[PDB]
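Working notes, beginning with the structure itself.
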Amino acid sequence: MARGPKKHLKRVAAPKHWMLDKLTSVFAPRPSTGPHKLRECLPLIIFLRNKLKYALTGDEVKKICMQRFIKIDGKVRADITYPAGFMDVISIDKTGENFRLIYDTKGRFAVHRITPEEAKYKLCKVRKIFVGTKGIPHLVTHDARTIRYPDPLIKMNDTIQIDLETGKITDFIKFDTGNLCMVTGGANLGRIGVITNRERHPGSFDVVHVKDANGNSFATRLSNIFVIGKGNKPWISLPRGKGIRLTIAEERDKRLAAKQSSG
Amino acid sequence: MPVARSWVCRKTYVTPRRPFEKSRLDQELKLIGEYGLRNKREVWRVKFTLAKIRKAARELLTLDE
Amino acid sequence: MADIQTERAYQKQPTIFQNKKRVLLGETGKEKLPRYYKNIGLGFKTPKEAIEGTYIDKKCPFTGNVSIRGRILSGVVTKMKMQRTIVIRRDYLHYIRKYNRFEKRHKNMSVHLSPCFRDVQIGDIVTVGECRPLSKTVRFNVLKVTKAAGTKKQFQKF
Amino acid sequence: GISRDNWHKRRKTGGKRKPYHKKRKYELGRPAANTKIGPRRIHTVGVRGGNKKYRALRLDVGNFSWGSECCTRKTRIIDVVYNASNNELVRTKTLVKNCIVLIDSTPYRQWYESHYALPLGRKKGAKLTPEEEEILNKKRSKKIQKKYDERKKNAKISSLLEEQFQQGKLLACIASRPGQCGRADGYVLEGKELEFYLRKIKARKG
RNA sequence: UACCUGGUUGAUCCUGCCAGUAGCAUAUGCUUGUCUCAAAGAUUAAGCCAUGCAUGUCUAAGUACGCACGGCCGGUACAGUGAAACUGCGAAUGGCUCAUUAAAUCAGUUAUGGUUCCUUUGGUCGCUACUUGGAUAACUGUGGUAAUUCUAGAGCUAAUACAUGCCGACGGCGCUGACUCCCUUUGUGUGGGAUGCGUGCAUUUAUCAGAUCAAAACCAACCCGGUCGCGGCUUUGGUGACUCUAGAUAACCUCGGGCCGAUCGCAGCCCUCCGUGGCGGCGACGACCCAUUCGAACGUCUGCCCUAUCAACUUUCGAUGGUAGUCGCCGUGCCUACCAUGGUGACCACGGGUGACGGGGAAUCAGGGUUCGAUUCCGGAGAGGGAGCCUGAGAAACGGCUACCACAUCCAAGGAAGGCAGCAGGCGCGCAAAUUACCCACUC
RNA sequence: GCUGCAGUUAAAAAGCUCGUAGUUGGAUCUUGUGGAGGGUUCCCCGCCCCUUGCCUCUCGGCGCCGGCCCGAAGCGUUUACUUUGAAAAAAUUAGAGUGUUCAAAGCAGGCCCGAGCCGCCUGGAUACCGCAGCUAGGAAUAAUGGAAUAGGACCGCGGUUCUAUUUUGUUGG
RNA sequence: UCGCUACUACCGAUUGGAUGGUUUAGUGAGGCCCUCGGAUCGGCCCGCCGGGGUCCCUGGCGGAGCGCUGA
């Protein structure tokens, strides 16, 4: 029977992009309730144990966090299954290093090291606009942040930049044609291109057409488009491969020609 | 009960349909004697890997160049 | 028309009020009731008979308390012995894949039809959209009526 | 116990259905409030999600609006006179939404007479002159009579209410749900609603 | 590897079936050296169960007068380790089985503009008071019954348990209008103004406003550039679509029965300042309301095995629909009153059967197919059979409670106690299925 | 036995005829020269007669010295079909890489001096995922439709009734 | 056709037997809701004594009404 909410996760039921092995276990870490959806996050334990390899077991992760070393968006978090997600920054002040979560072009989180002056801000997509009591205007972002008194030009689907020490808005990018974006869901996940057309339907879903640096074309539902730069230039540094999504025949040929992986 | 095991496995040979075909019996024994094998199953393994190779090449030859 | 209060309780539109002040009209008069009506969206148009009419119907899309959302469908008017509701027929082909051949099937829907449509007949074509549950078996409401792509009511001069 | 499910009853075709599961708690129902006229008795119940709901068993007083005059005040409830749904509800005096009731006219009369500087409910001079004339006439420097044309040129009430005010009672309609809110509360009957219910009241018994 | 062979006659050519040949999964017989994997009381009986275990929990930070153990001596609230008990949280997840169930469950697809939501994360948190009240548990002391995780009478004492309730920061702004001053006795244009009443967000009801467009001509009175007839204009946000969001007015308000802190732990400070007025650094715990996250619930479209030795069926004993209401978290014949006479079927309704839980899937396979799916992932249902209900954000819960029905244990015959389709183990059944072992090291 | 069986005599065509549902249903309504890729004429532009078939606005950028032009929109009589986008758990199946000592499996692993490298490189692909719903091109085949008790259209006129309440300097008439 | 030995099914007296589902009429445990009930337990009003003070606070003994008022 199901008389209330569930609190376990089977390892074959867990999100594919975490890359968990088949044979160590029956269970996987259930992500803690928080700012990002269960299908769309990376639990902090998988980042420290499986990606960075600073710990060999979940107990070695627990005694890294309880020493207060780990910051997410500039706040110290002691919870080992906290749901980190897209555009967040992780700082490890004791080893002296900083990371940002961004998609690899195969649709998984890359490790991406950043300089300490770039670790001071993040980019946020707008979800909602509304007016409260005494006529005060409010804004809501993709990561549950609520802001009072936004600039009256900031509309739906726009991108805003915030400083992490104060949480207030600094600058913004309008959703319109010719701006650079990244794709955050569907089959096109982890690709980058410029917006070239928006096609709209009254009821059901709008569709956006996007163009690559190499001149390829692709499309997706409007809910999967995140804007990252005015015109041709991004407001964030980008990982190896820059979102170009080369095919399996091109990938074979570079792997043979470059002789990488200790050939 | 749930368990951390896995259950994937497969067979690596097939038995012939005619058990006592005279033309088949001495052909298989000549391959055993020339290559120094233990039994008939050790020949039926090699016929099965060749059949799977030819089954794949016959599919790819249907598609456009 | 000339009377509408045929029920045991008084019938009126919500959100409309009549002032009992400045009531003088002389030897003649004008309508004591203004009319409430709305736009449905989705490129539909509100009938003249809803704006110029005097009927009360709470389940009406144009002049009552319903929201049009989800699927839009069409079918053929086939029975109308109930009051403010009708039955429509939907016909389709089902594919059976062992054979390479089709099978004819049908379903019926009960739908709500307001006044403002008043010349519908059996064999007319009707367009409908989803609502909240309106009664036990009713989930859809009439948005448009037509007799295009078919023969006339009476002779060809209609 | 009592339940409000859809699965106990038959489908469009006339065919039966068999039970899918035992009764669930979210399918629940409870007995009716049956609110009477009498001094306040209210009880409270815990509801799904841990919220509270108020159930009125007896009420003597309510809040009513005279929408024509923009006046609303706390008022005594006297009697019930019509119910569109069932005659046993007026025979046993039970209070529900869209019930028709009699209320005390006094707080509306006192607002009107002090606002317009005119009498309303009065029969003859013996109920005008001997007391409370000093509500109507006082010293009013440059506000005495002509400046009250802002009042006097729009003071006339409908004939159907001036006949009610002389008897000390008005007809009103209940707008709240008393078995759900704990309150009995509504508006004064006027115009064609008043003509409709006066015909229905007279045609039933009179 | 897209395949056949024996058998009707005195002999021949056919039809047609029987028998052979290969795989797969249940039982069973004979036989057995090494090494890596690993199914296993589903089929019959969702039949019955001796014994043991399977759910508990404390930090610098709710309550420490346990001589229980202890220090250099002292309570300056009071040290320090701390059994017990009170308070808080969890026990609604996990694990087991497949009886019921054929438009039901379930799958793909869509919707809440028809609802609720512990916790996390972000907003919000100023219409006797230098600190109030009484009363229980652990403990001490005296008992009752054949008997249980049974409990009674007496003496003490706590709070983040239970119950009260200020101070500070009212200085709001609208409505009344004694009087008073100026052009014009009134009306009508003014500026002051004694004095009363209401005045945060939630709650119930009623009312108001929501601005934009095309073209002139007269008249009362004037904005304004100017003076005794002409130029020129202005005001929350949002959806395909709201009786949306925000705003204004008149009242209500829940009280014993909505919010706005009588709480706890670390380092100390700055001064009309000698221990005073405060202001303040880091927190911990708590609570009303938005938005999130995890969901749950209800609804849309299309999809099902055999059967006519099942052809008509449903219908105030609610069947289909309308109007008003009750009940409910909310839409709705969900239920009640009044009214209408409807709704489904040869394109198979209604009725009956199923060694029927649905799906991802599995065996065999030239191409097309046939058969299977109790079973590790996902959804549903149920804890001997039916029914009712407490607590809580969440249950109609069974390692919770109350009763009837079927079994059955102890007794001093008055009474008391019970639920292995959890893990091992036993009886019964049958062709048919393993140890009453070790550990929280790994995964959670 | 759909692909794919059989019914004179081996098993098997109702004694005969009518007929509602079901399945099936005759012919017909716009083409060749020129250029690119490729050939020695036909698939993309523009044309005998129409090439998105029409059209003229207005909120809204372009081209140039106001006016005239070229991308949305009304939309092309309605559907099936076909080709293309989007969106659909993982494991299983197919399939790429990789000397578990080989293999069935697994998701790993590979370079370099000595230990002074306080290390470096690299994988965890990809396809399939009926039907039903969503979407943009094609127009053969098969459904479906318009004026015979004449209506399409012109910057065309006329009587009469309803009526938003704009443009005027506003509040009122 | 009649006769001998095996094996399977049919008809049927018997008011047969066991198990299960529908359903008329009568009875009805136990919970929840509503209208009543009131065992027992407190406070605030009238003496005396004591601590503080310009007869009241407030601890205690104690009796009449056991008023009024709460659980």
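Residue names in the structure tokens use chain letters A, B, ... in the order shown, residue numbers from 1 in each chain, and ligand numbers from 1 in the order shown.
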
What lies within 12 Å of residue D:149 using only C-alpha atoms (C1' of nucleotides), ignoring chain neighbours under 4 positions off, as a count of residues only? 9

Excluding residue G:69 and its own-chain neighbours fewer than 6 positions away, which residues fall within 12 Å of it when counting only C-alpha atoms (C1' of nucleotides)? Please give them as a PyMOL selection string. chain G and resi 42-45

Within 6 Å of chain E, which residues of chain A are there when counting only C-alpha atoms (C1' of nucleotides)? Please give them as a PyMOL selection string. chain A and resi 3-4+6-7+25+27+33-35+135+144-146+202

Expected file contents, prior selection, C-alpha atoms, as a PDB file, in the first residue's frame:
ATOM      1  CA  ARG A   3      -0.379   5.631   2.853  1.00  0.00           C
ATOM      2  CA  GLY A   4       2.077   8.593   2.540  1.00  0.00           C
ATOM      3  CA  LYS A   6       8.208   7.580  -0.155  1.00  0.00           C
ATOM      4  CA  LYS A   7      11.838   7.981   1.150  1.00  0.00           C
ATOM      5  CA  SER A  25      24.342  -2.216  -4.230  1.00  0.00           C
ATOM      6  CA  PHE A  27      19.940   1.465  -3.251  1.00  0.00           C
ATOM      7  CA  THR A  33      14.051  17.982  -0.773  1.00  0.00           C
ATOM      8  CA  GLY A  34      15.272  21.397  -2.067  1.00  0.00           C
ATOM      9  CA  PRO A  35      15.709  24.052  -4.858  1.00  0.00           C
ATOM     10  CA  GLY A 135       1.274  47.070  -4.794  1.00  0.00           C
ATOM     11  CA  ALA A 144      13.171  29.121  -5.968  1.00  0.00           C
ATOM     12  CA  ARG A 145      14.749  32.577  -5.195  1.00  0.00           C
ATOM     13  CA  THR A 146      12.141  35.347  -4.550  1.00  0.00           C
ATOM     14  CA  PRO A 202      -2.493  29.233 -28.332  1.00  0.00           C
TER      15      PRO A 202
END

Using only C-alpha atoms (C1' of nucleotides) for the distances, tell me which of D:101, D:182, D:125, D:167 is nearest to chain E. D:182

For chain C, work out the contacting residues on chain A at 12 Å, counting only C-alpha atoms, and write them as a ChimeraX atom specification. /A:201-204

Writing out the chosen residues with N, CA and C atoms as a CSV table (one decimal), in the first residue's frame:
chain,number,residue,atom,x,y,z
A,201,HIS,N,1.8,28.6,-30.4
A,201,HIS,CA,0.5,28.0,-30.5
A,201,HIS,C,-0.4,28.4,-29.3
A,202,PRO,N,-1.6,28.9,-29.4
A,202,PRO,CA,-2.5,29.2,-28.3
A,202,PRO,C,-3.1,28.0,-27.7
A,203,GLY,N,-2.7,27.7,-26.5
A,203,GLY,CA,-2.8,26.3,-25.9
A,203,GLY,C,-1.8,25.4,-26.5
A,204,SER,N,-1.4,24.3,-25.7
A,204,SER,CA,-0.2,23.5,-26.0
A,204,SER,C,1.1,24.3,-26.0

With a distance threshold of 9 Å and counting only C-alpha atoms (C1' of nucleotides), extract the residues of chain D near chain G and express them as an NGL selection string. :D and (1 or 30-31)

Which of stretch 55-177 of chain D end up as helix (DSSP H, G or I) when DSSP is run on this backbone - answer as a PyMOL selection string? chain D and resi 88-91+106-116+125-127+133-135+146-152+159-165

Find the residues around residue D:18 up to 9 Å (only C-alpha atoms (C1' of nucleotides) counted), leave out those fewer than 2 positions away in its own chain, and share them as a PyMOL selection string. (chain D and resi 7-8+16+20) or (chain E and resi 101+104)

Output file for the selection above: N, CA and C atoms (P, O5', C5', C4', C3', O3' and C1' of nucleotides), as a PDB file, in the first residue's frame:
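out-v1.pdb was written with the following content:
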ATOM      1  N   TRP D   7     -18.150   5.069  -7.185  1.00  0.00           N
ATOM      2  CA  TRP D   7     -18.106   3.660  -7.588  1.00  0.00           C
ATOM      3  C   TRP D   7     -19.247   2.784  -7.034  1.00  0.00           C
ATOM      4  N   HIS D   8     -20.054   3.236  -6.070  1.00  0.00           N
ATOM      5  CA  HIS D   8     -21.212   2.464  -5.560  1.00  0.00           C
ATOM      6  C   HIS D   8     -22.430   2.407  -6.498  1.00  0.00           C
ATOM      7  N   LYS D  16     -24.235  -2.812 -13.936  1.00  0.00           N
ATOM      8  CA  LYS D  16     -23.571  -2.785 -12.621  1.00  0.00           C
ATOM      9  C   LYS D  16     -22.041  -2.706 -12.728  1.00  0.00           C
ATOM     10  N   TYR D  20     -13.964  -2.058  -6.244  1.00  0.00           N
ATOM     11  CA  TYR D  20     -12.523  -2.059  -6.551  1.00  0.00           C
ATOM     12  C   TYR D  20     -11.643  -2.168  -5.278  1.00  0.00           C
TER      13      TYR D  20
ATOM     14  P     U E 101     -14.129 -10.967  -8.567  1.00  0.00           P
ATOM     15  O5'   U E 101     -13.468  -9.659  -9.213  1.00  0.00           O
ATOM     16  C5'   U E 101     -13.849  -8.338  -8.869  1.00  0.00           C
ATOM     17  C4'   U E 101     -12.890  -7.319  -9.497  1.00  0.00           C
ATOM     18  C3'   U E 101     -12.857  -7.369 -11.022  1.00  0.00           C
ATOM     19  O3'   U E 101     -13.975  -6.685 -11.585  1.00  0.00           O
ATOM     20  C1'   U E 101     -10.648  -7.244 -10.121  1.00  0.00           C
ATOM     21  P     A E 104     -15.208   2.373 -16.452  1.00  0.00           P
ATOM     22  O5'   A E 104     -14.501   1.443 -15.362  1.00  0.00           O
ATOM     23  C5'   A E 104     -13.118   1.520 -15.061  1.00  0.00           C
ATOM     24  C4'   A E 104     -12.814   0.471 -13.983  1.00  0.00           C
ATOM     25  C3'   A E 104     -11.341   0.418 -13.592  1.00  0.00           C
ATOM     26  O3'   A E 104     -10.971   1.447 -12.685  1.00  0.00           O
ATOM     27  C1'   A E 104     -12.262  -1.785 -13.814  1.00  0.00           C
TER      28        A E 104
END

Can you tell me, as an MDAnalysis selection string, which residues in stretch 32-204 of chain A count as strand (DSSP E) by DSSP? chainID A and resid 42:43 70:72 75:76 83:84 89:92 97:100 102:104 108:110 121:131 137:141 146:148 159:163 169:173 180:183 192:199

Interface residues on chain D facing chain A, 12 Å, only C-alpha atoms, written as a PyMOL selection string: chain D and resi 21+24-26

Save out the residues we just selected, C-alpha atoms, as a CSV table (one decimal), in the first residue's frame.
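Saved to part_5.csv:
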chain,number,residue,atom,x,y,z
D,21,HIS,CA,-11.4,-1.6,-2.9
D,24,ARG,CA,-11.0,5.2,1.9
D,25,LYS,CA,-10.9,8.1,4.4
D,26,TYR,CA,-10.8,10.9,1.7
